[PDB]
file query.cif (mmCIF, C-alpha atoms)
data_start
loop_
_atom_site.label_atom_id
_atom_site.label_comp_id
_atom_site.auth_asym_id
_atom_site.auth_seq_id
_atom_site.Cartn_x
_atom_site.Cartn_y
_atom_site.Cartn_z
CA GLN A 1 0.00 0.00 0.00
CA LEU A 2 2.53 2.59 -1.17
CA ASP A 3 -0.36 4.80 -2.31
CA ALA A 4 -0.98 5.84 1.30
CA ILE A 5 2.50 7.29 1.78
CA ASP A 6 2.23 8.73 -1.74
CA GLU A 7 -0.84 10.78 -0.79
CA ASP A 8 0.69 11.64 2.59
CA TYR A 9 3.81 13.03 0.90
CA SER A 10 1.57 14.95 -1.51
CA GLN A 11 -0.23 16.50 1.46
CA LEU A 12 3.14 17.47 2.94
CA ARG A 13 4.16 18.90 -0.45
CA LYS A 14 1.09 21.12 -0.20
CA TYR A 15 2.28 22.70 3.07
CA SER A 16 6.08 22.40 2.99
CA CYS A 17 6.49 25.72 1.10
CA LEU A 18 9.39 26.60 3.45
CA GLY A 19 11.87 24.21 5.14
CA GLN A 20 12.40 26.79 7.93
CA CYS A 21 8.78 26.94 9.23
CA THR A 22 8.10 24.47 12.11
CA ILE A 23 4.28 24.76 11.62
CA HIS A 24 4.82 21.59 9.58
CA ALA A 25 8.39 20.44 10.33
CA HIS A 26 7.09 18.05 13.01
CA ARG A 27 5.60 15.68 10.41
CA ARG A 28 8.95 15.54 8.58
CA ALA A 29 10.05 12.91 11.11
CA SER A 30 6.99 10.76 10.34
CA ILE A 31 7.70 11.02 6.61
CA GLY A 32 11.40 10.39 7.25
CA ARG A 33 10.70 7.13 9.07
CA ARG A 34 7.79 5.83 6.97
CA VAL A 35 9.52 6.47 3.63
CA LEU A 36 12.64 4.64 4.80
CA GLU A 37 10.57 1.74 6.13
CA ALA A 38 8.73 1.47 2.82
CA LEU A 39 12.02 1.74 0.91
CA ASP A 40 13.93 -1.01 2.70
CA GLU A 41 10.83 -3.22 2.86
CA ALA A 42 10.45 -2.80 -0.90
CA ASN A 43 14.14 -3.61 -1.39
CA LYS A 44 13.73 -6.82 0.64
CA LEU A 45 10.65 -7.80 -1.39
CA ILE A 46 12.57 -7.10 -4.62
CA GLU A 47 15.54 -9.23 -3.58
CA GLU A 48 13.21 -12.06 -2.58
CA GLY A 49 11.05 -11.63 -5.69
CA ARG A 50 13.92 -11.95 -8.15
CA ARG A 51 15.05 -15.21 -6.52
CA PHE A 52 12.10 -17.60 -7.01
CA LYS A 53 12.67 -20.33 -9.61
CA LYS A 54 9.64 -22.57 -8.98
CA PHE A 55 6.20 -20.96 -9.08
CA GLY A 56 3.82 -23.92 -8.67
CA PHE A 57 3.40 -27.50 -7.57
CA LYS A 58 1.18 -30.36 -8.68
CA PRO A 59 -1.66 -30.73 -6.14
CA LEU A 60 -2.61 -34.04 -4.61
CA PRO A 61 -5.16 -35.88 -6.78
CA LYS A 62 -8.72 -35.10 -5.77
CA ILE A 63 -10.83 -37.52 -3.74
CA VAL A 64 -13.13 -37.96 -6.75
CA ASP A 65 -12.38 -37.23 -10.41
CA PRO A 66 -15.32 -35.64 -12.28
CA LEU A 67 -16.95 -37.75 -14.98
CA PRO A 68 -19.44 -36.93 -17.75
CA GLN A 69 -22.79 -35.95 -16.27
CA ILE A 70 -25.16 -36.64 -19.16
CA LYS A 71 -28.78 -36.00 -18.20
CA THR A 72 -30.46 -39.10 -16.77
CA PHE A 73 -34.10 -40.15 -16.34
CA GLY A 74 -35.67 -42.58 -13.88
CA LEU A 75 -32.34 -43.69 -12.39
CA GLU A 76 -33.12 -42.55 -8.83
CA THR A 77 -34.49 -45.89 -7.62
CA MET A 78 -31.56 -48.00 -8.81
CA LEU A 79 -29.12 -45.32 -7.65
CA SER A 80 -30.65 -45.60 -4.18
CA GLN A 81 -30.36 -49.39 -4.38
CA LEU A 82 -26.69 -49.06 -5.34
CA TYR A 83 -26.11 -46.75 -2.37
CA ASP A 84 -27.93 -49.24 -0.13
CA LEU A 85 -25.64 -52.12 -1.09
CA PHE A 86 -22.61 -49.81 -1.08
CA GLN B 1 37.71 48.00 15.54
CA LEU B 2 34.84 45.73 16.57
CA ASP B 3 32.39 48.45 15.48
CA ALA B 4 32.94 47.47 11.83
CA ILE B 5 31.77 43.88 12.33
CA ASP B 6 29.01 45.24 14.57
CA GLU B 7 27.58 47.35 11.74
CA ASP B 8 28.17 44.52 9.25
CA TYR B 9 26.17 42.11 11.41
CA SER B 10 23.46 44.76 11.74
CA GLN B 11 23.29 45.02 7.95
CA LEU B 12 22.98 41.23 7.75
CA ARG B 13 20.26 41.37 10.42
CA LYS B 14 18.38 43.71 8.10
CA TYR B 15 18.32 40.83 5.60
CA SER B 16 18.19 38.14 8.32
CA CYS B 17 14.38 38.33 7.90
CA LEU B 18 14.12 34.82 6.37
CA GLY B 19 16.30 31.76 7.11
CA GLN B 20 14.95 30.08 3.95
CA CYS B 21 16.19 32.83 1.60
CA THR B 22 19.74 31.98 0.41
CA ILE B 23 20.41 35.02 -1.78
CA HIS B 24 21.95 36.51 1.38
CA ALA B 25 23.26 33.16 2.67
CA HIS B 26 26.56 33.70 0.83
CA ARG B 27 27.66 36.42 3.27
CA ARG B 28 26.99 34.10 6.22
CA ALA B 29 30.42 32.55 5.59
CA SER B 30 32.09 35.97 5.78
CA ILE B 31 30.30 36.71 9.06
CA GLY B 32 31.09 33.20 10.30
CA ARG B 33 34.82 33.66 9.75
CA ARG B 34 35.18 37.32 10.78
CA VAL B 35 33.19 36.92 14.01
CA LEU B 36 35.30 33.92 15.03
CA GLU B 37 38.53 35.76 14.18
CA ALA B 38 37.42 38.74 16.26
CA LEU B 39 36.34 36.43 19.09
CA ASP B 40 39.56 34.45 19.46
CA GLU B 41 41.68 37.56 18.89
CA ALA B 42 39.74 39.28 21.68
CA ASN B 43 40.24 36.24 23.91
CA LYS B 44 44.00 36.35 23.29
CA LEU B 45 44.09 40.08 24.07
CA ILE B 46 42.10 39.46 27.27
CA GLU B 47 44.43 36.70 28.45
CA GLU B 48 47.45 38.89 27.74
CA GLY B 49 45.80 41.97 29.25
CA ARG B 50 45.04 40.34 32.60
CA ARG B 51 48.66 39.22 32.97
CA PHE B 52 50.68 42.47 33.06
CA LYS B 53 52.07 43.38 36.48
CA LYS B 54 54.41 46.26 35.56
CA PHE B 55 52.96 49.18 33.61
CA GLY B 56 55.85 51.65 33.42
CA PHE B 57 59.58 52.19 33.70
CA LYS B 58 61.75 55.09 34.79
CA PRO B 59 63.17 56.76 31.66
CA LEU B 60 66.83 57.58 31.26
CA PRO B 61 67.64 61.03 32.70
CA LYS B 62 67.40 63.76 30.10
CA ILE B 63 70.47 65.29 28.47
CA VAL B 64 69.66 68.60 30.18
CA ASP B 65 67.47 69.20 33.23
CA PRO B 66 65.29 72.33 32.96
CA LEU B 67 66.11 75.18 35.33
CA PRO B 68 64.25 78.38 36.28
CA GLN B 69 64.02 80.70 33.29
CA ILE B 70 63.48 84.08 34.96
CA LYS B 71 63.35 86.90 32.42
CA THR B 72 66.78 88.39 31.73
CA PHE B 73 67.97 91.70 30.28
CA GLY B 74 71.22 92.58 28.52
CA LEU B 75 72.80 89.16 29.09
CA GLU B 76 73.24 88.32 25.39
CA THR B 77 76.80 89.65 25.10
CA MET B 78 78.19 87.77 28.10
CA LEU B 79 76.20 84.68 27.12
CA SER B 80 77.91 84.79 23.72
CA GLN B 81 81.28 85.21 25.46
CA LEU B 82 80.53 82.18 27.64
CA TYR B 83 79.65 80.15 24.54
CA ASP B 84 82.87 81.35 22.89
CA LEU B 85 85.06 80.09 25.73
CA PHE B 86 82.92 76.96 26.09
#

call {"tool": "encode", "arguments": {"input": "query.cif", "output": "structure tokens"}}
result
Amino acid sequence: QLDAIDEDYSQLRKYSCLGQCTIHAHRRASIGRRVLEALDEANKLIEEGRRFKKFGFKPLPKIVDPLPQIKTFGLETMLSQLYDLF
Amino acid sequence: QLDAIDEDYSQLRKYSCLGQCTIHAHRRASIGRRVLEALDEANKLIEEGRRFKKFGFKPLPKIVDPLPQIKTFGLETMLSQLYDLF
């Protein structure tokens, strides 16, 4: 969510007309820490991101494999019988 | 002549209205060096000034010691004679 610090720095850019005024110099510390945290976090994510070589794995086969489901008629009774013996 | 740097710093204080403005920031170096030079020079003069114990010395006796010069009359001729034999 770098957009949040982007808008925050834009809001500071609205009021930081002068470096000398303290009316707004207090929030410079917040920007100074949050920008650095975002920067080194992004660097860590970049270094990790470049390093992956495998991006997927074959999942375990499903409990049941789907089969053609052509519309049936009047099979409910014998299906129930098959379940009964099963 | 500390008055010179005094007036110079007053002239800078006329423009010292804004820290942010840098047009006048160039002369800050000149003030920064001249004030320090005056300060440590003054400190050296103070340390030397406190240390004197003797403040005068008896001069060598003059070639001639003045004597009463009461107004004289008609002594020029014999004064010239005295100079002649002297």

call {"tool": "calpha_fit_and_write", "arguments": {"input": "query.cif", "fixed": "chain A", "moving": "chain B", "output": "PDB file with C-alpha atoms, in the frame of the given file"}}
result
ATOM      1  CA  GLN B   1       0.020  -0.038   0.112  1.00  0.00           C
ATOM      2  CA  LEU B   2       2.550   2.549  -1.053  1.00  0.00           C
ATOM      3  CA  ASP B   3      -0.345   4.767  -2.187  1.00  0.00           C
ATOM      4  CA  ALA B   4      -0.962   5.799   1.438  1.00  0.00           C
ATOM      5  CA  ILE B   5       2.530   7.244   1.910  1.00  0.00           C
ATOM      6  CA  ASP B   6       2.249   8.701  -1.594  1.00  0.00           C
ATOM      7  CA  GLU B   7      -0.820  10.742  -0.636  1.00  0.00           C
ATOM      8  CA  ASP B   8       0.726  11.591   2.748  1.00  0.00           C
ATOM      9  CA  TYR B   9       3.837  12.980   1.055  1.00  0.00           C
ATOM     10  CA  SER B  10       1.593  14.909  -1.337  1.00  0.00           C
ATOM     11  CA  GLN B  11      -0.202  16.456   1.638  1.00  0.00           C
ATOM     12  CA  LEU B  12       3.173  17.412   3.119  1.00  0.00           C
ATOM     13  CA  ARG B  13       4.180  18.862  -0.262  1.00  0.00           C
ATOM     14  CA  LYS B  14       1.117  21.085   0.002  1.00  0.00           C
ATOM     15  CA  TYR B  15       2.713  22.539   3.147  1.00  0.00           C
ATOM     16  CA  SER B  16       6.286  22.054   1.861  1.00  0.00           C
ATOM     17  CA  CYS B  17       5.989  25.658   0.578  1.00  0.00           C
ATOM     18  CA  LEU B  18       8.561  27.028   3.076  1.00  0.00           C
ATOM     19  CA  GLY B  19      11.626  25.242   4.519  1.00  0.00           C
ATOM     20  CA  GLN B  20      11.873  27.933   7.226  1.00  0.00           C
ATOM     21  CA  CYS B  21       8.384  27.256   8.636  1.00  0.00           C
ATOM     22  CA  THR B  22       8.622  24.601  11.399  1.00  0.00           C
ATOM     23  CA  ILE B  23       4.942  24.338  12.333  1.00  0.00           C
ATOM     24  CA  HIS B  24       4.865  21.503   9.776  1.00  0.00           C
ATOM     25  CA  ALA B  25       8.432  20.349  10.517  1.00  0.00           C
ATOM     26  CA  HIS B  26       7.140  17.949  13.188  1.00  0.00           C
ATOM     27  CA  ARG B  27       5.651  15.594  10.580  1.00  0.00           C
ATOM     28  CA  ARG B  28       8.989  15.457   8.742  1.00  0.00           C
ATOM     29  CA  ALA B  29      10.097  12.810  11.258  1.00  0.00           C
ATOM     30  CA  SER B  30       7.037  10.675  10.483  1.00  0.00           C
ATOM     31  CA  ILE B  31       7.737  10.952   6.749  1.00  0.00           C
ATOM     32  CA  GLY B  32      11.435  10.316   7.379  1.00  0.00           C
ATOM     33  CA  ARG B  33      10.741   7.049   9.187  1.00  0.00           C
ATOM     34  CA  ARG B  34       7.825   5.754   7.088  1.00  0.00           C
ATOM     35  CA  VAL B  35       9.546   6.411   3.747  1.00  0.00           C
ATOM     36  CA  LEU B  36      12.672   4.574   4.906  1.00  0.00           C
ATOM     37  CA  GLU B  37      10.603   1.658   6.233  1.00  0.00           C
ATOM     38  CA  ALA B  38       8.759   1.415   2.920  1.00  0.00           C
ATOM     39  CA  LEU B  39      12.043   1.695   1.010  1.00  0.00           C
ATOM     40  CA  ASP B  40      13.957  -1.070   2.774  1.00  0.00           C
ATOM     41  CA  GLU B  41      10.861  -3.279   2.932  1.00  0.00           C
ATOM     42  CA  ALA B  42      10.468  -2.835  -0.831  1.00  0.00           C
ATOM     43  CA  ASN B  43      14.150  -3.654  -1.319  1.00  0.00           C
ATOM     44  CA  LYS B  44      13.745  -6.868   0.693  1.00  0.00           C
ATOM     45  CA  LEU B  45      10.666  -7.833  -1.336  1.00  0.00           C
ATOM     46  CA  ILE B  46      12.575  -7.129  -4.569  1.00  0.00           C
ATOM     47  CA  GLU B  47      15.545  -9.265  -3.543  1.00  0.00           C
ATOM     48  CA  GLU B  48      13.218 -12.098  -2.552  1.00  0.00           C
ATOM     49  CA  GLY B  49      11.055 -11.649  -5.651  1.00  0.00           C
ATOM     50  CA  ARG B  50      13.929 -11.964  -8.120  1.00  0.00           C
ATOM     51  CA  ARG B  51      15.055 -15.230  -6.519  1.00  0.00           C
ATOM     52  CA  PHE B  52      12.104 -17.620  -7.004  1.00  0.00           C
ATOM     53  CA  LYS B  53      12.665 -20.324  -9.617  1.00  0.00           C
ATOM     54  CA  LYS B  54       9.631 -22.565  -8.992  1.00  0.00           C
ATOM     55  CA  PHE B  55       6.187 -20.966  -9.079  1.00  0.00           C
ATOM     56  CA  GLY B  56       3.820 -23.920  -8.679  1.00  0.00           C
ATOM     57  CA  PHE B  57       3.395 -27.514  -7.590  1.00  0.00           C
ATOM     58  CA  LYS B  58       1.173 -30.363  -8.709  1.00  0.00           C
ATOM     59  CA  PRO B  59      -1.656 -30.740  -6.167  1.00  0.00           C
ATOM     60  CA  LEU B  60      -2.615 -34.057  -4.650  1.00  0.00           C
ATOM     61  CA  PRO B  61      -5.176 -35.884  -6.825  1.00  0.00           C
ATOM     62  CA  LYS B  62      -8.731 -35.113  -5.806  1.00  0.00           C
ATOM     63  CA  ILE B  63     -10.836 -37.539  -3.780  1.00  0.00           C
ATOM     64  CA  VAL B  64     -13.138 -37.969  -6.789  1.00  0.00           C
ATOM     65  CA  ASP B  65     -12.401 -37.218 -10.443  1.00  0.00           C
ATOM     66  CA  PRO B  66     -15.336 -35.621 -12.302  1.00  0.00           C
ATOM     67  CA  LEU B  67     -16.968 -37.715 -15.016  1.00  0.00           C
ATOM     68  CA  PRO B  68     -19.468 -36.882 -17.783  1.00  0.00           C
ATOM     69  CA  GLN B  69     -22.810 -35.908 -16.280  1.00  0.00           C
ATOM     70  CA  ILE B  70     -25.196 -36.579 -19.172  1.00  0.00           C
ATOM     71  CA  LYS B  71     -28.810 -35.946 -18.192  1.00  0.00           C
ATOM     72  CA  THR B  72     -30.496 -39.049 -16.783  1.00  0.00           C
ATOM     73  CA  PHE B  73     -34.124 -40.109 -16.353  1.00  0.00           C
ATOM     74  CA  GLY B  74     -35.693 -42.548 -13.898  1.00  0.00           C
ATOM     75  CA  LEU B  75     -32.362 -43.665 -12.422  1.00  0.00           C
ATOM     76  CA  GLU B  76     -33.126 -42.536  -8.854  1.00  0.00           C
ATOM     77  CA  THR B  77     -34.503 -45.884  -7.663  1.00  0.00           C
ATOM     78  CA  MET B  78     -31.573 -47.989  -8.866  1.00  0.00           C
ATOM     79  CA  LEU B  79     -29.135 -45.316  -7.692  1.00  0.00           C
ATOM     80  CA  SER B  80     -30.657 -45.608  -4.215  1.00  0.00           C
ATOM     81  CA  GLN B  81     -30.368 -49.406  -4.438  1.00  0.00           C
ATOM     82  CA  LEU B  82     -26.699 -49.068  -5.400  1.00  0.00           C
ATOM     83  CA  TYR B  83     -26.114 -46.773  -2.417  1.00  0.00           C
ATOM     84  CA  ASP B  84     -27.929 -49.277  -0.187  1.00  0.00           C
ATOM     85  CA  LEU B  85     -25.640 -52.149  -1.167  1.00  0.00           C
ATOM     86  CA  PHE B  86     -22.612 -49.839  -1.150  1.00  0.00           C
TER      87      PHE B  86
END

call {"tool": "resolve_selection", "arguments": {"input": "query.cif", "expression": "the PyMOL selection byres ((chain A) within 10 of (chain B))", "output": "PyMOL selection string"}}
result
chain A and resi 17-21

call {"tool": "closest_residue", "arguments": {"input": "query.cif", "among": "B:8, B:57, B:51, B:16", "to": "residue 30 of chain B", "atoms": "all atoms listed in the file"}}
result
B:8

call {"tool": "atom_distance", "arguments": {"input": "query.cif", "atom1": "atom CA of residue 36 of chain A", "atom2": "atom CA of residue 6 of chain A"}}
result
13.0 Å

call {"tool": "atom_distance", "arguments": {"input": "query.cif", "atom1": "atom CA of residue 46 of chain A", "atom2": "atom CA of residue 33 of chain A"}}
result
19.8 Å

call {"tool": "atom_distance", "arguments": {"input": "query.cif", "atom1": "atom CA of residue 31 of chain A", "atom2": "atom CA of residue 4 of chain A"}}
result
11.4 Å

call {"tool": "residues_around", "arguments": {"input": "query.cif", "residues": "residue 35 of chain A", "least_positions_apart": "4", "cutoff": "10 Å", "atoms": "all atoms listed in the file", "output": "list in words"}}
result
residues 2, 5, 6, 9, 29, 30, 31, 39, 40 and 41 of chain A

call {"tool": "build_atoms", "arguments": {"input": "query.cif", "residues": "segment 32-56 of chain A", "atoms": "N, CA, C and O atoms", "output": "PDB file, in the frame of the given file"}}
result
ATOM      1  N   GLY A  32      10.046  10.918   7.273  1.00  0.00           N
ATOM      2  CA  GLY A  32      11.400  10.390   7.250  1.00  0.00           C
ATOM      3  C   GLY A  32      11.511   8.954   7.708  1.00  0.00           C
ATOM      4  O   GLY A  32      12.380   8.225   7.219  1.00  0.00           O
ATOM      5  N   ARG A  33      10.658   8.523   8.637  1.00  0.00           N
ATOM      6  CA  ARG A  33      10.700   7.130   9.070  1.00  0.00           C
ATOM      7  C   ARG A  33       9.859   6.227   8.171  1.00  0.00           C
ATOM      8  O   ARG A  33      10.290   5.119   7.831  1.00  0.00           O
ATOM      9  N   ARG A  34       8.671   6.684   7.763  1.00  0.00           N
ATOM     10  CA  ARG A  34       7.790   5.830   6.970  1.00  0.00           C
ATOM     11  C   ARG A  34       8.342   5.603   5.569  1.00  0.00           C
ATOM     12  O   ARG A  34       8.232   4.494   5.033  1.00  0.00           O
ATOM     13  N   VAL A  35       8.935   6.632   4.959  1.00  0.00           N
ATOM     14  CA  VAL A  35       9.520   6.470   3.630  1.00  0.00           C
ATOM     15  C   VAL A  35      10.668   5.478   3.665  1.00  0.00           C
ATOM     16  O   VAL A  35      10.793   4.620   2.785  1.00  0.00           O
ATOM     17  N   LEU A  36      11.529   5.576   4.681  1.00  0.00           N
ATOM     18  CA  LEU A  36      12.640   4.640   4.800  1.00  0.00           C
ATOM     19  C   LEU A  36      12.152   3.218   5.053  1.00  0.00           C
ATOM     20  O   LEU A  36      12.705   2.257   4.503  1.00  0.00           O
ATOM     21  N   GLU A  37      11.125   3.062   5.893  1.00  0.00           N
ATOM     22  CA  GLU A  37      10.570   1.740   6.130  1.00  0.00           C
ATOM     23  C   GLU A  37       9.995   1.144   4.853  1.00  0.00           C
ATOM     24  O   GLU A  37      10.232  -0.026   4.532  1.00  0.00           O
ATOM     25  N   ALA A  38       9.251   1.949   4.094  1.00  0.00           N
ATOM     26  CA  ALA A  38       8.730   1.470   2.820  1.00  0.00           C
ATOM     27  C   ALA A  38       9.862   1.139   1.855  1.00  0.00           C
ATOM     28  O   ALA A  38       9.792   0.142   1.129  1.00  0.00           O
ATOM     29  N   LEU A  39      10.924   1.948   1.854  1.00  0.00           N
ATOM     30  CA  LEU A  39      12.020   1.740   0.910  1.00  0.00           C
ATOM     31  C   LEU A  39      12.754   0.437   1.181  1.00  0.00           C
ATOM     32  O   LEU A  39      12.960  -0.369   0.266  1.00  0.00           O
ATOM     33  N   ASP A  40      13.163   0.203   2.432  1.00  0.00           N
ATOM     34  CA  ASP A  40      13.930  -1.010   2.700  1.00  0.00           C
ATOM     35  C   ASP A  40      13.037  -2.250   2.672  1.00  0.00           C
ATOM     36  O   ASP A  40      13.498  -3.331   2.285  1.00  0.00           O
ATOM     37  N   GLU A  41      11.760  -2.115   3.048  1.00  0.00           N
ATOM     38  CA  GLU A  41      10.830  -3.220   2.860  1.00  0.00           C
ATOM     39  C   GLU A  41      10.689  -3.569   1.385  1.00  0.00           C
ATOM     40  O   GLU A  41      10.722  -4.746   1.008  1.00  0.00           O
ATOM     41  N   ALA A  42      10.550  -2.552   0.531  1.00  0.00           N
ATOM     42  CA  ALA A  42      10.450  -2.800  -0.900  1.00  0.00           C
ATOM     43  C   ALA A  42      11.717  -3.444  -1.438  1.00  0.00           C
ATOM     44  O   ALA A  42      11.653  -4.334  -2.290  1.00  0.00           O
ATOM     45  N   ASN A  43      12.881  -3.006  -0.954  1.00  0.00           N
ATOM     46  CA  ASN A  43      14.140  -3.610  -1.390  1.00  0.00           C
ATOM     47  C   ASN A  43      14.193  -5.087  -0.998  1.00  0.00           C
ATOM     48  O   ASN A  43      14.630  -5.929  -1.793  1.00  0.00           O
ATOM     49  N   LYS A  44      13.755  -5.418   0.220  1.00  0.00           N
ATOM     50  CA  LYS A  44      13.730  -6.820   0.640  1.00  0.00           C
ATOM     51  C   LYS A  44      12.778  -7.635  -0.231  1.00  0.00           C
ATOM     52  O   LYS A  44      13.111  -8.753  -0.647  1.00  0.00           O
ATOM     53  N   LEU A  45      11.591  -7.092  -0.518  1.00  0.00           N
ATOM     54  CA  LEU A  45      10.650  -7.800  -1.390  1.00  0.00           C
ATOM     55  C   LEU A  45      11.216  -7.967  -2.797  1.00  0.00           C
ATOM     56  O   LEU A  45      10.973  -8.989  -3.443  1.00  0.00           O
ATOM     57  N   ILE A  46      11.962  -6.977  -3.293  1.00  0.00           N
ATOM     58  CA  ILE A  46      12.570  -7.100  -4.620  1.00  0.00           C
ATOM     59  C   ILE A  46      13.610  -8.208  -4.633  1.00  0.00           C
ATOM     60  O   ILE A  46      13.634  -9.054  -5.537  1.00  0.00           O
ATOM     61  N   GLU A  47      14.493  -8.217  -3.631  1.00  0.00           N
ATOM     62  CA  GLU A  47      15.540  -9.230  -3.580  1.00  0.00           C
ATOM     63  C   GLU A  47      14.953 -10.629  -3.447  1.00  0.00           C
ATOM     64  O   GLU A  47      15.465 -11.586  -4.038  1.00  0.00           O
ATOM     65  N   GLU A  48      13.881 -10.771  -2.664  1.00  0.00           N
ATOM     66  CA  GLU A  48      13.210 -12.060  -2.580  1.00  0.00           C
ATOM     67  C   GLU A  48      12.473 -12.387  -3.879  1.00  0.00           C
ATOM     68  O   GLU A  48      12.481 -13.537  -4.331  1.00  0.00           O
ATOM     69  N   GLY A  49      11.846 -11.382  -4.497  1.00  0.00           N
ATOM     70  CA  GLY A  49      11.050 -11.630  -5.690  1.00  0.00           C
ATOM     71  C   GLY A  49      11.880 -12.113  -6.862  1.00  0.00           C
ATOM     72  O   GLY A  49      11.448 -12.984  -7.620  1.00  0.00           O
ATOM     73  N   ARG A  50      13.078 -11.556  -7.030  1.00  0.00           N
ATOM     74  CA  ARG A  50      13.920 -11.950  -8.150  1.00  0.00           C
ATOM     75  C   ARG A  50      14.405 -13.396  -8.017  1.00  0.00           C
ATOM     76  O   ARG A  50      14.787 -14.005  -9.022  1.00  0.00           O
ATOM     77  N   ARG A  51      14.369 -13.962  -6.811  1.00  0.00           N
ATOM     78  CA  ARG A  51      15.050 -15.210  -6.520  1.00  0.00           C
ATOM     79  C   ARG A  51      14.215 -16.470  -6.766  1.00  0.00           C
ATOM     80  O   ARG A  51      14.799 -17.542  -6.956  1.00  0.00           O
ATOM     81  N   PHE A  52      12.881 -16.390  -6.778  1.00  0.00           N
ATOM     82  CA  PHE A  52      12.100 -17.600  -7.010  1.00  0.00           C
ATOM     83  C   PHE A  52      12.419 -18.216  -8.373  1.00  0.00           C
ATOM     84  O   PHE A  52      12.593 -17.511  -9.372  1.00  0.00           O
ATOM     85  N   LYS A  53      12.495 -19.543  -8.394  1.00  0.00           N
ATOM     86  CA  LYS A  53      12.670 -20.330  -9.610  1.00  0.00           C
ATOM     87  C   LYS A  53      11.486 -21.232  -9.891  1.00  0.00           C
ATOM     88  O   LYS A  53      11.133 -21.431 -11.056  1.00  0.00           O
ATOM     89  N   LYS A  54      10.865 -21.784  -8.852  1.00  0.00           N
ATOM     90  CA  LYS A  54       9.640 -22.570  -8.980  1.00  0.00           C
ATOM     91  C   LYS A  54       8.461 -21.699  -8.566  1.00  0.00           C
ATOM     92  O   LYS A  54       8.548 -20.945  -7.590  1.00  0.00           O
ATOM     93  N   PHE A  55       7.370 -21.785  -9.324  1.00  0.00           N
ATOM     94  CA  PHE A  55       6.200 -20.960  -9.080  1.00  0.00           C
ATOM     95  C   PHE A  55       4.924 -21.769  -8.874  1.00  0.00           C
ATOM     96  O   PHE A  55       3.853 -21.174  -8.701  1.00  0.00           O
ATOM     97  N   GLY A  56       5.002 -23.096  -8.887  1.00  0.00           N
ATOM     98  CA  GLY A  56       3.820 -23.920  -8.670  1.00  0.00           C
ATOM     99  C   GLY A  56       4.215 -25.333  -8.327  1.00  0.00           C
ATOM    100  O   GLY A  56       5.380 -25.725  -8.421  1.00  0.00           O
TER     101      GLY A  56
END
